RNA sequence: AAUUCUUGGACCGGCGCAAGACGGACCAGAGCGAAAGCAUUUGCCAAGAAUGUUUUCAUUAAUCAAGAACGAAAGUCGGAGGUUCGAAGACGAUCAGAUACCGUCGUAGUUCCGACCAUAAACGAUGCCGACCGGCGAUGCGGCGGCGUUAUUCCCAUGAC
Ligand SMILES: [Mg+2]
Ligand SMILES: [Zn+2]
């Protein structure tokens, strides 16, 4: 296995980030979404996916946010679809702000 | 501890020193899925009831 | 008369293999002559597990196991019934006994 | 005789060193440090016969006296450090190991975390008994 | 049970191991505030009915009122007088023996002020009787089959509503409490009586409790009907075989297959304070004939004896109930939904708009 | 005829800021009767705490040794001493039909602390492998071991003890070595088996009270 | 069981220090060596079989009286060392007896350096060199050809299958 009690994925993910290794911090969260722990949406699955898509943006890996959401939509089917709505809105929200900063950065510091 | 009903589902084999205890697979009337193995004195039949003083302890299968 | 082909031992192309102390005696047997056995055991036997499953502070702490590798000399192995005597035909059977349950 | 921990939830941890030879049993509670001893009741203090110092019974008595003695000082839970003799000798724990660990769980203590701490050598000094072993 | 919409906010989640560990002592006696309806006398002469001397199960036209907390006029009156938790027997029987739950079920909590109206959804499958729920395999058949979970549950509900009336001397002078039935010759034998439970943690509980009939010896009866449809596939033993050498076996086997149904029915009687719960052993004519039925036998059990026998714990039942009433007397107003996970063992709690 | 636990003060133990759960437990001492002092006798006690208990709930197979290098007042202040994998873990990993590769480096942090780190790694059997063995040749083994030493030294050498413990709380060193040695021979069960403490700098308190928040 | 050890605190738990041995598990009918034999890391020194080759010399070869190098363990002499184990010893048991098996101690020895010794069920109980005579599936080292999987993301090219 990898995990018992799927909330521990967040603690390993958080522990790796204090060192500054977001690739293996993402590997941890990726391993939990695709496992036995498919119990129709635990209350802890949102903070896992919120952190997962933050790290997917920070590293720029669209094909991982694909697989991540593709697993999530399955484990949060008609049980609760508000979770999909909150997650994918928060994903595209986070990516929009990275591009806002990226332009203003290049367009005031680097443009000057 | 509350006294609980285990139901004999399939008689397996005979045990003890002098072949005196029938070892039987019981299916709990309380919980849907839990099936344990118990050593039982006297003659026991496929499809009758036992009153277990404890519903957690299990006998060593052979 | 020649009883085994491999003279009761798994040495073929050495000359010398360093000896081992038997775990019942302290008899010196060569490393490959000895009957080896690997016992992976739960620390708490069979029923103790249930009492320590309830009187534990933690939530599904998979209580540890006990790994012990045992070397027996041929006499100690036969006496403890780790091995037994076999037929002239059955002697050549090297496939270890089935452990289905 | 006053561990100032909270009455409701707070568990005070000791650590119990269960040294179980094949002719004696020890049950020995200490600090998490492992320096300051609280209890040590052997298998041999309880029973008065040499042949049953390494008994499941004697180990059951020993763990019961240790449990009762440490409940007064206010040790609620225990970590466990099981060991056989080790070194050149046996690494299977004695027959008192199981009965002792069971006994101080039947006697209303809490079990933290368990581990083997046998002195396993890299490679050791020559074992007692001749080249030809213990012949009987 | 229901398709869950994307506007529905999950607030609290509770799984069956956590709910199994719950307890409450100190639960006080139920106080008969009101006793309503009229109940018939039972013919003890339908117990000279064994495997050899059976009876025709006839269609009896008597009108059953499936009125919830919302549409109860006495509860509507009592609402302002005293009480802050209003329920029916079927609803609290579900929440109490929730631990055995297999299929998807739902309860609408309506917190209007400092109140809990444990209401049920009218025109949803809540007043169906489930069949072979807790077998090695539930019936894996399709809606067009006759041995389907829907069709078996349909006929199981019908034969129960038939049996309760058929066994009864239903045109000999009735036992009247104080009032006529608050819902309306045409009527069915049933009496609704309301009871106060003072519940330790600071909750007052007003539940509607239903007696089916009266028997002499007087005595109050909760009466239900056990169904046997096609034993050989159903994963149970035959009833018609002898039932007389194997009565205890035929009982305990049909119990495990109907673990939740028999648990809801028994805690239903304990709630009402019925001193005896009777049964009705109903099977088909041929193993694939949905229309015909014949009554093989009946056996009577004091629900206190039966609940300790089958399995229940009053502390668990009241310990789970105090937890849920505490949760939803803690969080905000409007419509809620206690829905159990269709495929997994865990109950969930959604917060929903004013509509559905 | 003297109750020997009448003269015993209980002291709360504190772990450094690097762990989630601060307080480890309680510690016994004798009241300052004569010349020998409670706090001075209490200073230099080694506490072997599992990382599961030291964090909230995680791996229980990694243990941290902590020394009460000073006492402030009714409070023992512990500091990172060493680290060790549990017997159960090490015994479970070491299994037959593969190559076990062991390295050790004697490396010093930026501040005084000079550690000895032991790394271990076992040759992984491929997903479509039909060959039973999966052994590494001697030159492949010592190229792996050379790379083990090269990472283990680089990770510690360049930063201080607060950050090396932050690396040992996950197993960032073991994951880095494992990914690095994929070209030579794919390893799988790679950890930093043990951390030892050989030398400490002459004790400071301001340096301790930065580690204790 | 007793001999023995201990309130002049033994055994047990903790932190240190010193010494002299040995290299667990991984370790296999695997590898190397003329045989005896050989296992922690790294460095230095010289050697070696096998494969590869359209290089070189061109019979320089095979086996061997005499003569010669190495030769487990125990044993001997001199020096250093002595942790564990332990022939003789000393007692404690067992037994009819027990000079034995079982137990507690324990000297030579067990370890290293320099000189002798030259035997072992030193075994494959099987001299060395060369040729021919069935099949099959693995295994260790070297070379050669070949779908595809994988690590270097950047894949040529190297490793793992
Ligand atoms: Mg030899
Ligand atoms: Zn032996």
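Quick note: the coordinates plus some simple rules give every number you see, no bench work behind them. Reconstructed Cβ throughout: ideal geometry from the backbone, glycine too, with neighbour counts over all protein chains shown.
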Counting only DSSP beta bridges with both partners in the protein assembly as shown, the antiparallel fraction in percent, to the nearest 5, comes to 80 percent
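Could you please rank B:7, B:14, placing first whichever residue has the fewest other Cβ atoms within 10 Å of its Cβ?
Details: B:7 19, B:14 11.
Ordered from fewest to most neighbouring Cβ atoms within 10 Å, B:7, B:14 come out as B:14, B:7.
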For A:8-20, mean number of other protein chain Cβ atoms within 10 Å: 4
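Please sort E:86-99, C:30-43 by packing, taking for each peptide the average over its residues of neighbouring beta carbons within 10 angstrom, highest first. Please list the in-between numbers first.
Details: E:86-99: 23.4, C:30-43: 14.8.
By packing density, highest mean first, the sequence is E:86-99, C:30-43.
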GNM of chain F, Cα pairs under 10 angstrom: of F:127, F:23, F:159, the biggest fluctuation goes to F:127
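Which shape class applies to region D:2-136: rounded if a/c is under 1.5, otherwise prolate when a/b exceeds b/c and oblate if not, where a ≥ b ≥ c are the square roots of the Cα gyration tensor eigenvalues?
Numbers: a/c = 2.90, a/b = 1.80, b/c = 1.61.
It comes out prolate by the Cα gyration axes.
Sum -39500 (n - 2.57) across every DSSP H segment of at least 4 residues in chain D, then divide by the residue count to get the 222 nm mean residue ellipticity, nearest 500.
Details: 3 runs with 33 residues, N = 136.
The helix-only estimate for chain D comes to -7500 deg cm²/dmol at 222 nm.
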Number of partner chain Cβ atoms within 10 Å, mean per residue of D:127-136: 5
Proxy exposure order for C:54, D:10 (fewest C-beta within 10 Å first) is C:54, D:10
In whole angstrom, how far apart do the alpha carbon centroids of region F:168-189 and region A:1-24 sit? 16 Å
Sum of -39500 (n - 2.57) over DSSP H runs of 4+, divided by residues of chain E (222 nm, nearest 500): -7500 deg cm²/dmol
Sticking with the crude label model, points 7 Å out along Cα→Cβ, report the distance from residue C:31 to residue E:275 in nm, one decimal please. 8.5 nm
Per-residue [θ]222 nm for chain F (sum of -39500 (n - 2.57) over DSSP H runs n ≥ 4, rounded to 500): -7500 deg cm²/dmol
Globularity ratio of chain B, using Cα Rg and 2.2 N^0.38 Å: 1.06
The alpha-carbon center of region D:2-51 and that of region F:38-113 are separated, in whole Å, by 23 Å
Cα-Cα pairs above 28 Å in chain E: how many percent? 44 percent
How many angstrom separate the Cα center of region D:109-136 from the Cα center of region C:17-80? 11 Å
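What's the average, rounded to a whole number, of partner chain beta-carbon atoms within 10 Å of each residue's beta-carbon in F:18-25? Walk me through the numbers on the way to the answer.
On the way: counts 1, 0, 3, 0, 0, 0, 3, 12.
For this peptide, the per-residue mean of nearby foreign Cβ atoms is 2.
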Sticking with the crude label model, points 7 Å out along Cα→Cβ, report the distance from residue E:50 to residue F:106 in nm, one decimal please. 9.5 nm
Average projected area [Cα convex hull, region F:6-213], square nanometres: 14.0 nm²
Taking N as its residue count, the alpha carbon Rg of chain C over 2.2 N^0.38 Å: 1.51
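What's the ranking of F:97-109, C:61-73 by average number of surrounding C-beta atoms within 10 Å, highest first?
Values: F:97-109: 16.5, C:61-73: 18.2.
Listed from highest to lowest mean packing, they are C:61-73, F:97-109.
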So for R0 = 22 Å, FRET eff. of residue D:6-residue F:20 from the Cβ-Cβ r, to 0.05, ends up at 0.65
What full-extension length gain, to one decimal in nm, is calculated for residue A:23 and residue A:3 as 0.36 nm per residue of separation minus the Cα-Cα distance? 5.4 nm
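Express the relative contact order of chain D as a whole percentage, based on alpha carbon pairs under 8 Å and six or more residues apart in sequence. Walk me through the intermediate numbers first.
Values: 283 pairs, mean separation 35.8, N = 136.
Once divided by the residue count of chain D, the mean separation gives 26 percent.
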At a threshold of 8 angstrom on Cα-Cα distance, excluding pairs fewer than six apart, so keeping six or more, what relative contact order does region F:6-213 reach in percent? 20 percent
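For Cα pairs less than 8 Å apart in space and 6+ apart in sequence, what is the mean separation divided by the residue count of chain A, i.e. the relative contact order in percent?
Details: 77 pairs, mean separation 25.9, N = 112.
The value is 23 percent.
Let a ≥ b ≥ c be the square roots of the eigenvalues of the Cα gyration tensor of region E:1-155; is it rounded (a/c under 1.5), or, if not, prolate (a/b larger than b/c) or oblate? Each step should come with its number before you reach the end.
Working: a/c = 1.72, a/b = 1.19, b/c = 1.44.
It is oblate, given that a/c is not under 1.5 and a/b is not larger than b/c.
Assuming a ≥ b ≥ c are the square roots of the Cα gyration tensor eigenvalues, decide whether the protein assembly as shown counts as rounded (a/c under 1.5), prolate (otherwise, with a/b larger than b/c) or oblate. Could the numbers behind the result be given before it?
On the way: a/c = 1.90, a/b = 1.54, b/c = 1.23.
Prolate, because a/c is 1.5 or more and a/b exceeds b/c.
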Near-label residues of region F:193-211 by backbone N, under 12 Å of a point 7 Å along Cα→Cβ of residue F:72: F:206, F:208-211
With r defined as the distance between the Cβ atoms of residue D:132 and residue C:94 and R0 fixed at 25 Å, what FRET efficiency is calculated, to the nearest 0.05? 0.25
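Order by neighbour count: F:160, A:112, fewest other Cβ atoms within 10 Å first, most last.
Values: F:160 14, A:112 5.
The fewest-first ordering by Cβ neighbours comes to A:112, F:160.
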May I ask for the angle, rounded to the nearest 10°, between helix F:138-157 and the longest principal axis of chain F, with both axes built from Cα atoms and the value confined to 0 to 90°? 40 degrees
